[PDB]
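Asker: Handing you this structure, nothing more for now.
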Amino acid sequence: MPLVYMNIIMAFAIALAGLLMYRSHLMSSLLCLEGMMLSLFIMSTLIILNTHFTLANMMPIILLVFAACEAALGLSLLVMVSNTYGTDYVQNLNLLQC
Amino acid sequence: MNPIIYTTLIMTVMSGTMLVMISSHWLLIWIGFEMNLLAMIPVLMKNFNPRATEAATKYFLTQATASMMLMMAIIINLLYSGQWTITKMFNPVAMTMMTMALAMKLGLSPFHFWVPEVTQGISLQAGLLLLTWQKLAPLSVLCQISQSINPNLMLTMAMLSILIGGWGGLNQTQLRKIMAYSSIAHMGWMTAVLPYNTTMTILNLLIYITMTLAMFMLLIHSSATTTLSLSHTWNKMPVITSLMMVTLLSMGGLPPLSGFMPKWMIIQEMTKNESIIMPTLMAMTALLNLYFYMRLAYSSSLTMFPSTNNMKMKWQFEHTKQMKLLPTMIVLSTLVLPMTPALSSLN
Amino acid sequence: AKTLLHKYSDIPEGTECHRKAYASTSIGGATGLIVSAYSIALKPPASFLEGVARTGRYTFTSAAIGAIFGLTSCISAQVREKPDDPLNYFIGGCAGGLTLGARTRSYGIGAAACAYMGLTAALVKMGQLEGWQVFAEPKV
Amino acid sequence: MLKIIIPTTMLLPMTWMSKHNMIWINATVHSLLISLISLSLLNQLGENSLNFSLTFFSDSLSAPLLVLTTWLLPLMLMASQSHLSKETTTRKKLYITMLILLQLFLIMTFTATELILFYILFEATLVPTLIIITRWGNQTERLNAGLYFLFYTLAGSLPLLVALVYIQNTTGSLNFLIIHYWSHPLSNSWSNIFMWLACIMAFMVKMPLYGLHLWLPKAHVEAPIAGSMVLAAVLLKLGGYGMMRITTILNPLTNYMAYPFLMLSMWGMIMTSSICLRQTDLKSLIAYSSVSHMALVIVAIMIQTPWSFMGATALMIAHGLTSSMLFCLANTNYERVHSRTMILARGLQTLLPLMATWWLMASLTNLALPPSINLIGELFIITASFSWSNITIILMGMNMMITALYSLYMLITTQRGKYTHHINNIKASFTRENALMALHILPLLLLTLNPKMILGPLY
Amino acid sequence: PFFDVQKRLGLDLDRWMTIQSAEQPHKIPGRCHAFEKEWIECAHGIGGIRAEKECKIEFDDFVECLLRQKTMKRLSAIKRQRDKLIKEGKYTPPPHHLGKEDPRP
Amino acid sequence: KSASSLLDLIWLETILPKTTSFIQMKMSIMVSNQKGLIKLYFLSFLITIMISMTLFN
Amino acid sequence: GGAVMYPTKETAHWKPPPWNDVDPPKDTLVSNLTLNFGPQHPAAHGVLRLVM
Amino acid sequence: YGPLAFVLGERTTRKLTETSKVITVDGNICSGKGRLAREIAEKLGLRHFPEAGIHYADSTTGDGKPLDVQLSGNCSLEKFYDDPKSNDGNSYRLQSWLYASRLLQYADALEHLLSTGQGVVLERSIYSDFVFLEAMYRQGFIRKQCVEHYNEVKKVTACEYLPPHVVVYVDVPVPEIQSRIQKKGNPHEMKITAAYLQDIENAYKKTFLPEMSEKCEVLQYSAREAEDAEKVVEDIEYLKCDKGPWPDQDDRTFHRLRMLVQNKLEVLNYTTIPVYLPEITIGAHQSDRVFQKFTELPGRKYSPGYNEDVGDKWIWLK
Amino acid sequence: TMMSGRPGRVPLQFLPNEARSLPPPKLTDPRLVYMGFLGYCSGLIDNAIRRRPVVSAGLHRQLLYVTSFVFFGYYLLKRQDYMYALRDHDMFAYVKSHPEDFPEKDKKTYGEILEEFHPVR
Amino acid sequence: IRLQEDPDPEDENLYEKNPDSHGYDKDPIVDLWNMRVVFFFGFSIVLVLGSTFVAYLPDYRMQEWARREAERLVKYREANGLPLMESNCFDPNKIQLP
């Protein structure tokens, strides 16, 4: 595979690792989610353009649409946590155990 | 929440699952998963509590990670094959990533951690949907790609799921957490036979769905979320706790109850493929699930606990809400063992 | 994973006891590292030094168990001249359980670990001899 | 075989739709009628078994056990009438239905032609038993007792399920007739050894092998009278019947694999009889006596000689009857003094004379007094084991001596001596209890006139 | 449970984008239309188990067209050998490869 | 002493029933740590993904 | 009763959930922004300090 | 009524009118609040709910006739008057049973208001029931754990209900109340001490009335003032409607409330919270016996309409 | 997945037209009677839950339970019989079309075969 | 600790209400009929008729048949000089020994 594919896959891996490794804020986790979505968009777009899969050129746009839908979901959950706790700190999500 | 809006959200969850189970394109399967998550989050948060918000956030995070991994696997499979159809995946790395994503969606251990928390956070009405309907789409996807599934990874996940579900269920006094760990164990049981025979997975899924529907509807009919609160139900309504004891015995996998059907057929299929250690270990580990079910049966019906004085007023009133499917779900989950040769209809 | 498994199994029974013990030690160390990583993730240590200490303890325990199991099994195979007897693996597993008890400093843990480990190692040897499949390929 | 199954099922709607003043009467009438009808199953052929249909069959082994179950159900009802008199009507009906389901499941176990159907029903017998033990038990230990019993049985039986399915896959069928005709020798490979274990341990747990016997004392002590009756009379013989049925496909590996179990049973008989010598609870003493008696049946089955099998069948029937009667007597004493301590109530030979005679006869049968079927079975097993090895006679004689010792010790401690002064609630024994003891004893004594009936298919 | 409602009702919801050999707007062919056509027509109706081993040459050609891994390996080997030759002066690139001759229209 | 207490009420029970139940209880306590923090089991998820990729390739 | 069936020293400090699952609301009240609409501001007529 | 009715178009805001209000007439023991409440109900046209007693639930369920004390309530007000420091926990058991009775009463009242549209005039309320409990605790009749259980039960049930629009309080002083009680005739009421009534008044004037005034208007009248029903009615007819959270209610929360109040078991769901206080914890044997006795009452065995003993017929087709 | 990929299988079809060549399950089938029994038990549990006379209240409701259970059980049994017939037919066809994989074995009587005797002493 | 009924007095002797009790239930008439049912269906039917039925059960074990066949065989062996019982359960002429 070309090195650009390697770089994009590595970017997706880094974003996934970042999302899996929270520090304090829930906003940064949503940032890592959006980064993974962007990396997947770039990967799919390069694949479709390279193979001239004309009818599949609409796939990245749909991916982007559902990506920002998930982003809006995350933002709404973020505001509710902040309203219920004052901060978006991931440590406040502690009532539910095990 | 407006009832019209709630019905639209429930229909959107169902339409997402039907899109997953109906499409032939990977992009549409991922779209159905996304719609399921989008319409499931507010359904999780129908009753606004901090615990409900926490459950919704955790579920959203887990399902988002799983969907990202699934889409990455789809993209890699397209890259190495130029194909979008749901068929024999042509890349081992993509297959592994997709398996991890689908196990995370199902809650197979070690991706089990969110299930006890999200189940406890949400109400019984939402917990029933989460533990029954939300298992259809990932199981269907796994059944469509069972040929390309690496048997070692799926079997390890299934065995770990059974072990962890049993162990977690023993230390739980909250009914919802017990149900979540039992669901984890039963999901492990279902995914054990995926590489061998998918019709047995479908049979186990149907039996588990009936049993969990019966249990959750009995809990709703008793309005009980803890062992102590459920214990009082013997005084107001002994029929409900007796039926709950019967359903718990069925869930334990004790013959002649219906819960013996899936384990029996799974052991049969796994022994047909010369696997004798794994089914034996699974059967032995089911005893932990049987243990906590029996403990609940003691606290609920087999033994009577102290009630409170105020139950005298509750004795006068009769339940208004009527779940029409509860008797049928109880019967199908307890007395269907004489009907196993009906397995062929699932083929 | 399978690289270490074939680095241990390809060594014939009762031959090259040092290399067999080294391979078993490597397998034990890998298992201990996995356990340490999971323990750190699920049960976070207070400090980096505490995490390093926890990882070192778990890895040393697991590697010692593996080394003792390998040495005991190979020595039993050599002395008894019975490479295909599960009793060798039983003795190795009980020795590993005794070492586990010593590391945890508990006689009851040592005895229970000796019993269960010996039984499991004997079962593994029997499966190797007979051809038992833990993960059976779908055949129907 | 449906001539017995269908009325047993019809017992349930009958009891459910019967007046609150007639549950016990109707149950007794029709259970006795069912036993009378099932008596027709004793007409076994010399060589071939009675193959009623594809699903059910009966030979000279199944028929005595079926008759014993159908006869024991009315006895259980009569014994459980007393303490379940202040219970509500619905719970009395529930208890009766649990007993009926247990009897039905036992019948379908003893008649099943398929090993997997036999397993299904023989594990289905757990649910009514467990419920009976944990719901209508009197003590707080009934919860732990039910768990121990249930988990011992399941941990024994699940590998049996795996092995049965494996045999079905490999040989093609689990039917008893086919598995008997198409029998093949088992090699000495580890796989065959573990298949042998999986097939054997399940029944070794049921009839308590020394070491796996810890659940029996708890189960027999904490359970109500009827529950103890079934557990001692039929639920222990289930393991023996299963072992005698499955040993057909476990040869010749048994010759070499039976040594651990043979030694365990031949030492556990002595150990449990000695334990009976130093027991303080009557029900526990009876339970350990049951363990000691079932050790002989285990030995006889593991030896696999015709005399051993005949003695095993005879001992199973005899021990079931004797243990049930002993538990009934202990239940009467308990219902009188509300305590199971053996030394609590003494000198009962002067207050209840006929109950003392019942105790004497039950103890004589327990210690294998000639010409009772107990002695017939014990002597057949002893001769078989002596032929197996002459050294066995030492352990057999010691076990007989200790059994006589502890049985007569129980008789002396309970029905002899000076009456307990402070106890004043000992009323004259009812007609029901005396009738229960008579119905326990008379078939037992009559079977000595026609021992061929309970001597098994190898007679 | 793949409930194939599309094949039942005859609807075409997503089978039009499953492959690049299907009809595309303005008849724009896929980069590997020929290879995918050969692979699909070879492996039509014989089942997945047979298709994996029997129509394996077609699938290998399709994969090579899609990714060009072996072609890139050959080109890399050629480039490395040419560089090694140039370092030792054993080779001289032709003028048409040195940008000295006018490329044909 | 040697039989009634020592074997039956003590060792026989210690060897099989008591030991197993204790092990199951300890495993239950371990699995149900009652922590409920995403920061921990998401790191566990990362470790699991890495291990699966290494082992099963 | 309690949070778990087999509580430990660490777990014993943790109390059972609320009966209606409604966790008591926190008192971490959100602080406002004390902007100084001070004298320099053009709309403050030069000599008005408006602490809003 | 259900979600279907709300979807189809049945909305409670249409039914609410000028006189669609819940009025609670409060007061100390034997303050004459009952006559004032009845007179308010007669003139304003609202429905009058007499104060919920031990056997209020018996009135709404079944024949409307009180059941036995062993079955319905297991407590006695007369016993509390005679021995307020009994070791049977009769005091706190009676208080909890009365709180449960008033919770059911409030639910029935809100239901009636949200369905028929007619206003409701209640005597006291769950919001005012804590006064007696606080008086008992101050007198020492009940311990702190009983108060904690009462607070735990109240904070889970009262939150789901809207406070009354108008709180009418009679302010008869303690000595006049004592005189009325000593002239009323009931010796058990005559056994009431002075500190008990004083603490009732203290709680009413320190916690209930100020907190109610924080939410909505609180009309207050003395003994003479409360005897003019026209004067009290005129005040209610000219109160500022802004008071109370009812104007902040839409058809969504009204649908939620109407769904809640129609399911009595859902209303009383948290009344039987598993807190094992010795004063209310009925043993297993007693619970079984009393439940069996209740089940054997005429019409109490099967669901209403399926009891053949009480004349219900067509059960085979019903 | 075995039967899922059979050629000619019409998706989302409960009973194929080829199933009509098989005898329909008799209305006195024990399996159908057990389905009716399950329906009756469902009706009894419905009566028990709603606290009405279990064996008498709502005869129409219990009748509907039994009728629906029998109807669905009849169709379910017909599909099950069709699927088992399909399995047997496919197995027989595969055996017939692959003689090499299923060869007839030499039939040696017990008088010829030597099975070792293991004594029981 | 709880409001519970005092332990019921030890089971009231059924002799108290009716000196003729036969155990069983509390109603004297149902007591008499239960005793009659138990004694009749236990002793007079399933015991007496049961033992007679099992005593005159037809000989399907073929013991007399076996004895008669043995007598005939012994007659044939001794009269014709055959050595009574052979030493082979099956004829060697039909055994294809390796």
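Chains: A, B, ... in order of the structure tokens. Residues: from 1 per chain. Ligands: from 1, in order shown.
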When you get a sec, could you note down which chain F residues fall within 8 Å of chain G, using only C-alpha atoms, as a ChimeraX atom specification?

Answerer: /F:25,29,34

Asker: Give me a file of those residues, with C-alpha atoms, as a short mmCIF file (atom, residue, chain, number, x, y, z; two decimals), in the first residue's frame.

Answerer:
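Final file, selection-v5.cif:
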data_model
loop_
_atom_site.label_atom_id
_atom_site.label_comp_id
_atom_site.auth_asym_id
_atom_site.auth_seq_id
_atom_site.Cartn_x
_atom_site.Cartn_y
_atom_site.Cartn_z
CA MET F 25 -16.69 -15.41 46.00
CA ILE F 29 -15.48 -9.53 44.40
CA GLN F 34 -17.91 -1.42 42.06
#

Asker: Could you work out which residues of chain J fall inside 7 Å of chain H? Count only C-alpha atoms, and format the result as an MDAnalysis selection string.

Answerer: chainID J and resid 1:5

Asker: Find the residues near region 16-21 of chain A: any atom within 6 Å, counting only C-alpha atoms, skip ones fewer than 2 places away on the same chain, and give them as a VMD selection string.

Answerer: (chain A and resid 13 to 14 29 32) or (chain F and resid 42 to 43)

Asker: May I have the selected residues written with N, CA, C and O atoms, as a short mmCIF file (atom, residue, chain, number, x, y, z; two decimals), in the first residue's frame?

Answerer:
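Below is the file that was written, out_20.cif:
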data_model
loop_
_atom_site.label_atom_id
_atom_site.label_comp_id
_atom_site.auth_asym_id
_atom_site.auth_seq_id
_atom_site.Cartn_x
_atom_site.Cartn_y
_atom_site.Cartn_z
N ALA A 13 -5.54 5.23 14.30
CA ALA A 13 -5.11 4.49 15.49
C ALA A 13 -4.80 5.44 16.64
O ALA A 13 -5.16 5.18 17.79
N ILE A 14 -4.12 6.54 16.34
CA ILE A 14 -3.77 7.51 17.38
C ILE A 14 -5.02 8.14 17.96
O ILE A 14 -5.14 8.32 19.18
N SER A 29 -12.70 13.77 24.57
CA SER A 29 -13.13 12.48 24.03
C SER A 29 -13.96 12.66 22.76
O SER A 29 -13.78 11.92 21.78
N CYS A 32 -11.60 13.39 20.00
CA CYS A 32 -11.00 12.18 19.45
C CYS A 32 -11.98 11.41 18.57
O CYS A 32 -11.59 10.83 17.56
N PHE F 42 -12.09 1.79 29.66
CA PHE F 42 -11.72 2.14 28.29
C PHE F 42 -10.24 1.88 28.03
O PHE F 42 -9.86 1.43 26.94
N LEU F 43 -9.39 2.15 29.03
CA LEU F 43 -8.00 1.73 28.94
C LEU F 43 -7.91 0.21 28.84
O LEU F 43 -7.08 -0.34 28.10
#

Asker: DSSP on the backbone, helix (DSSP H, G or I) only: what residues of region 195-319 of chain B does that give? Format it as a PyMOL selection string.

Answerer: chain B and resi 198-222+227-231+233-236+238-251+260-272+277-302+311-316

Asker: Counting only C-alpha atoms, what is within 7 Å of region 61-67 of chain A, bar same-chain residues fewer than 4 positions away, as a PDB file with N, CA and C atoms, in the first residue's frame?

Answerer:
ATOM      1  N   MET A  37     -13.492  10.048  12.980  1.00  0.00           N
ATOM      2  CA  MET A  37     -14.425  10.192  11.866  1.00  0.00           C
ATOM      3  C   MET A  37     -13.753  10.848  10.666  1.00  0.00           C
ATOM      4  N   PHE A  41     -13.076   9.308   6.986  1.00  0.00           N
ATOM      5  CA  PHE A  41     -13.480  10.021   5.779  1.00  0.00           C
ATOM      6  C   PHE A  41     -12.333  10.081   4.782  1.00  0.00           C
ATOM      7  N   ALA A  71     -21.589  13.653  16.737  1.00  0.00           N
ATOM      8  CA  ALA A  71     -21.007  14.798  17.431  1.00  0.00           C
ATOM      9  C   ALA A  71     -22.075  15.606  18.159  1.00  0.00           C
TER      10      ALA A  71
ATOM     11  N   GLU B  34     -25.893   3.450  13.506  1.00  0.00           N
ATOM     12  CA  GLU B  34     -25.894   4.847  13.922  1.00  0.00           C
ATOM     13  C   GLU B  34     -27.295   5.316  14.288  1.00  0.00           C
TER      14      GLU B  34
END

Asker: Counting only C-alpha atoms, which residues from chain E have an atom at most 8 Å from any atom of chain I, and could you show them as a JSON list (two decimals) with C-alpha atoms, in the first residue's frame?

Answerer:
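In the end it all went to part.json:
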[["chain", "number", "residue", "atom", "x", "y", "z"],
["E", 3, "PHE", "CA", -33.96, -11.03, 5.93],
["E", 4, "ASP", "CA", -33.48, -10.56, 2.19],
["E", 5, "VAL", "CA", -36.58, -8.43, 1.63],
["E", 7, "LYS", "CA", -34.79, -10.11, -3.33],
["E", 8, "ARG", "CA", -38.32, -10.96, -2.20]]

Asker: Within 6 Å of chain A, which residues belong to chain E? Use only C-alpha atoms and report them as a PyMOL selection string.

Answerer: chain E and resi 20+24+30-31

Asker: Next, dump the selected residues to file, keeping only N, CA, C and O atoms, as a compact mmCIF listing (two decimals), in the first residue's frame.

Answerer:
# COMPACT_ATOMS: atom_id res chain seq x y z
N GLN E 20 -18.34 -2.17 -8.08
CA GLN E 20 -17.99 -1.12 -9.03
C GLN E 20 -18.26 -1.53 -10.47
O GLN E 20 -18.13 -0.69 -11.37
N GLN E 24 -23.19 2.63 -13.51
CA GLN E 24 -22.74 3.87 -12.90
C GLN E 24 -23.11 5.03 -13.81
O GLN E 24 -23.26 4.85 -15.03
N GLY E 30 -15.32 1.43 -13.70
CA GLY E 30 -14.40 1.33 -12.59
C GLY E 30 -12.99 1.04 -13.06
O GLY E 30 -12.76 0.54 -14.16
N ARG E 31 -12.01 1.36 -12.21
CA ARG E 31 -10.61 1.16 -12.57
C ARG E 31 -10.30 -0.32 -12.78
O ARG E 31 -9.42 -0.67 -13.58

Asker: Fewer than 2 positions away in the same chain doesn't count, so skip those; otherwise give me all residues within 10 Å of region 42-50 of chain E, counting only C-alpha atoms, as number ranges by chain.

Answerer: B: 87-88, 147; E: 36-40, 52-56, 58-59; I: 5-7

Asker: For the atom pair CA of residue 93 (chain A) and CA of residue 124 (chain B), what is the interatomic distance in Å to one decimal place?

Answerer: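 Calculated distance between CA of residue 93 (chain A) and CA of residue 124 (chain B) is 20.4 Å.
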
Asker: I want to know what sits within 7 Å of residue 114 (chain C), based on only C-alpha atoms, with residues of the same chain fewer than 5 positions away left out; could you give that as a list in words?

Answerer: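 In the requested format, the answer is residues 93, 94, 95, 96, 97 and 98 of chain C.
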
Asker: If you keep N, CA, C and O atoms, can you produce a file of those selected residues as a compact mmCIF listing (two decimals), in the first residue's frame?

Answerer:
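So result_10.txt came out as:
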# COMPACT_ATOMS: atom_id res chain seq x y z
N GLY C 93 3.11 -28.81 37.77
CA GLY C 93 2.05 -27.90 38.15
C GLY C 93 1.95 -27.72 39.65
O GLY C 93 1.71 -26.61 40.14
N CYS C 94 2.12 -28.80 40.40
CA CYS C 94 2.11 -28.68 41.86
C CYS C 94 3.29 -27.85 42.35
O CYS C 94 3.16 -27.07 43.30
N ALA C 95 4.46 -28.01 41.72
CA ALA C 95 5.61 -27.18 42.08
C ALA C 95 5.34 -25.71 41.77
O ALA C 95 5.69 -24.83 42.56
N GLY C 96 4.71 -25.44 40.63
CA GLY C 96 4.33 -24.07 40.32
C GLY C 96 3.34 -23.50 41.33
O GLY C 96 3.44 -22.33 41.72
N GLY C 97 2.38 -24.32 41.76
CA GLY C 97 1.45 -23.87 42.78
C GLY C 97 2.12 -23.60 44.11
O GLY C 97 1.77 -22.65 44.82
N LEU C 98 3.09 -24.44 44.48
CA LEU C 98 3.86 -24.20 45.70
C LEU C 98 4.64 -22.90 45.61
O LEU C 98 4.73 -22.14 46.58

Asker: Neighbours of residue 83 (chain I) within 10 Å (only C-alpha atoms; same-chain residues fewer than 3 positions away dropped), as an MDAnalysis selection string?

Answerer: (chainID B and resid 342:347) or (chainID I and resid 3 15 19 77:80 86:89)

Asker: May I have a table of the residues of chain D lying at most 6 Å from chain B, giving each one's closest pair of atoms and their distance in Å to one decimal, counting only C-alpha atoms, ordered by chain and ascending residue number, as CSV?

Answerer:
residue,atom,partner,partner_atom,distance
D:124,CA,B:255,CA,4.9
D:135,CA,B:302,CA,5.0
D:165,CA,B:268,CA,5.9
D:166,CA,B:271,CA,5.9

Asker: Only C-alpha atoms, please: the residues just picked out, written as a PDB file, in the first residue's frame.

Answerer:
ATOM      1  CA  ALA D 124     -35.972 -32.682  36.199  1.00  0.00           C
ATOM      2  CA  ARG D 135     -40.062 -24.134  50.980  1.00  0.00           C
ATOM      3  CA  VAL D 165     -24.318 -36.327  23.617  1.00  0.00           C
ATOM      4  CA  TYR D 166     -20.818 -37.406  22.559  1.00  0.00           C
TER       5      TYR D 166
END

Asker: Within 12 Å of chain J, which residues of chain B come that close, and what is the closest atom pair and distance in Å for each? Count only C-alpha atoms and give it as a Markdown table.

Answerer:
| residue | atom | partner | partner_atom | distance |
| --- | --- | --- | --- | --- |
| B:305 | CA | J:2 | CA | 11.6 |
| B:306 | CA | J:2 | CA | 8.2 |
| B:307 | CA | J:2 | CA | 9.7 |
| B:308 | CA | J:3 | CA | 9.6 |
| B:309 | CA | J:3 | CA | 9.2 |

Asker: Please, could you write that set of residues out with N, CA and C atoms as an mmCIF file, in the first residue's frame?

Answerer:
data_model
loop_
_atom_site.group_PDB
_atom_site.id
_atom_site.type_symbol
_atom_site.label_atom_id
_atom_site.label_comp_id
_atom_site.auth_asym_id
_atom_site.auth_seq_id
_atom_site.Cartn_x
_atom_site.Cartn_y
_atom_site.Cartn_z
ATOM 1 N N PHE B 305 -40.004 -12.949 53.437
ATOM 2 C CA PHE B 305 -39.256 -11.906 54.189
ATOM 3 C C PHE B 305 -40.238 -11.003 54.944
ATOM 4 N N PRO B 306 -39.782 -10.204 55.936
ATOM 5 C CA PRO B 306 -40.661 -9.267 56.644
ATOM 6 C C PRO B 306 -41.232 -8.156 55.753
ATOM 7 N N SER B 307 -42.556 -7.954 55.774
ATOM 8 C CA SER B 307 -43.168 -6.877 55.017
ATOM 9 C C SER B 307 -43.292 -5.639 55.903
ATOM 10 N N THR B 308 -43.962 -4.615 55.382
ATOM 11 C CA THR B 308 -44.200 -3.382 56.115
ATOM 12 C C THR B 308 -45.697 -3.190 56.311
ATOM 13 N N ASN B 309 -46.042 -2.345 57.284
ATOM 14 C CA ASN B 309 -47.442 -2.159 57.653
ATOM 15 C C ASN B 309 -48.241 -1.523 56.522
#

Asker: Tell me, in Å to one decimal, how far CA of residue 62 (chain E) is from CA of residue 22 (chain E).

Answerer: 15.5 Å

Asker: For chain J versus chain D, which residues have an atom no more than 7 Å away, and what is each residue's nearest atom pair and distance in Å rounded to one decimal, using only C-alpha atoms, chain-then-number order, as a tab-separated table?

Answerer:
residue	atom	partner	partner_atom	distance
J:22	CA	D:431	CA	4.5
J:23	CA	D:430	CA	5.1
J:24	CA	D:81	CA	6.1
J:34	CA	D:25	CA	5.6
J:37	CA	D:29	CA	6.6
J:38	CA	D:28	CA	6.9
J:41	CA	D:32	CA	6.4
J:42	CA	D:32	CA	6.8
J:46	CA	D:36	CA	5.3
J:50	CA	D:36	CA	6.6
J:57	CA	D:43	CA	6.6
J:60	CA	D:45	CA	4.9
J:61	CA	D:46	CA	3.7
J:62	CA	D:46	CA	6.0

Asker: Would you export the selected residues with N, CA, C and O atoms as a compact mmCIF listing (two decimals), in the first residue's frame, please?

Answerer:
# COMPACT_ATOMS: atom_id res chain seq x y z
N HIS J 22 -58.31 -40.65 64.67
CA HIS J 22 -57.62 -41.32 63.57
C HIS J 22 -56.55 -40.43 62.93
O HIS J 22 -56.04 -40.75 61.85
N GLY J 23 -56.19 -39.33 63.58
CA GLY J 23 -55.26 -38.39 62.98
C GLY J 23 -55.92 -37.65 61.83
O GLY J 23 -57.10 -37.27 61.89
N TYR J 24 -55.14 -37.40 60.77
CA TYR J 24 -55.62 -36.80 59.53
C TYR J 24 -56.08 -35.36 59.73
O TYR J 24 -55.30 -34.49 60.14
N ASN J 34 -61.52 -40.55 55.77
CA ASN J 34 -60.13 -40.66 55.36
C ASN J 34 -59.50 -41.93 55.93
O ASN J 34 -58.75 -42.62 55.23
N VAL J 37 -60.90 -44.83 53.89
CA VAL J 37 -60.29 -44.86 52.56
C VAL J 37 -58.87 -45.41 52.65
O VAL J 37 -58.48 -46.29 51.87
N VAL J 38 -58.09 -44.91 53.61
CA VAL J 38 -56.70 -45.34 53.72
C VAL J 38 -56.63 -46.82 54.03
O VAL J 38 -55.96 -47.58 53.33
N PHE J 41 -58.22 -49.01 50.84
CA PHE J 41 -57.42 -49.03 49.62
C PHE J 41 -55.96 -49.37 49.90
O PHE J 41 -55.19 -49.60 48.96
N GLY J 42 -55.55 -49.42 51.17
CA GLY J 42 -54.18 -49.78 51.47
C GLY J 42 -54.02 -51.25 51.80
O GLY J 42 -53.12 -51.92 51.26
N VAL J 46 -54.81 -52.98 47.72
CA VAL J 46 -53.49 -53.01 47.10
C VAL J 46 -52.53 -53.91 47.86
O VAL J 46 -51.49 -54.31 47.31
N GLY J 50 -53.20 -57.21 45.84
CA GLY J 50 -51.91 -57.03 45.21
C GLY J 50 -50.99 -58.22 45.41
O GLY J 50 -50.36 -58.70 44.46
N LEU J 57 -49.12 -64.67 39.52
CA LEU J 57 -48.74 -64.09 38.25
C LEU J 57 -48.28 -65.19 37.30
O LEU J 57 -47.51 -66.07 37.71
N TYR J 60 -44.14 -66.03 33.13
CA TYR J 60 -43.51 -65.50 31.93
C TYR J 60 -41.99 -65.48 32.03
O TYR J 60 -41.33 -65.19 31.03
N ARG J 61 -41.43 -65.78 33.20
CA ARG J 61 -40.00 -65.99 33.33
C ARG J 61 -39.56 -67.34 32.78
O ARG J 61 -38.35 -67.58 32.68
N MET J 62 -40.51 -68.20 32.42
CA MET J 62 -40.23 -69.48 31.77
C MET J 62 -39.32 -70.36 32.62
O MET J 62 -38.35 -70.95 32.14
